[PDB]
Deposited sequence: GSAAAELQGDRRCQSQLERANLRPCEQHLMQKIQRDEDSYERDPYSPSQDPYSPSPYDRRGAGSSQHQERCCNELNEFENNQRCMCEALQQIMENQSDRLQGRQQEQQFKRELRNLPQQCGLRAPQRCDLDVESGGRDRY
């Protein structure tokens, strides 16, 4: 189930959130498939971090991205995992 996901709209939505929608809607629809499933929701967030790690070449941009990423389930109307390592 995890291998099948298209999290590119989440990566697009987050980096535009850092610069300062079509992708916020599409991102929440993708994340909705993991609602109230903590292990699988965490892997989705981790895979967004994994793909974006090379592109965050600065402490302040990295922390804002992490912060916005931790708030992404809540801002989509979903529960975040109790624990999810983003390092």
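Counting from residue 1 of the deposited sequence, where are the gaps with no C-alpha coordinates? Unmodelled stretches, in sequence order: 1 to 15, 36 to 64, 132 to 140.
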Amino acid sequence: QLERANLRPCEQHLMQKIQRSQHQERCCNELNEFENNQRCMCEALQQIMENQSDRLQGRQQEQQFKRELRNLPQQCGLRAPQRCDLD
From here on, numbers count along this sequence of modelled residues.
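Please compare 76 to 84 with 1 to 9 and name the stretch with the higher mean C-alpha B-factor in the deposited structure. The stretch with the larger average C-alpha B-factor is 1 to 9.
What third of the chain does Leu45 rank in for C-alpha temperature factor, lowest, middle or highest? It falls in the bottom third of the chain.
Modelled-residue ranking by C-alpha temperature factor, third containing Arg20: Highest third - that is where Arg20 ends up once the chain's C-alpha B-factors are sorted.
Sorting the chain's modelled residues by C-alpha B-factor, tell me whether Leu56 ends up in the lowest, middle or highest third. Lowest third - that is where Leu56 ends up once the chain's C-alpha B-factors are sorted.
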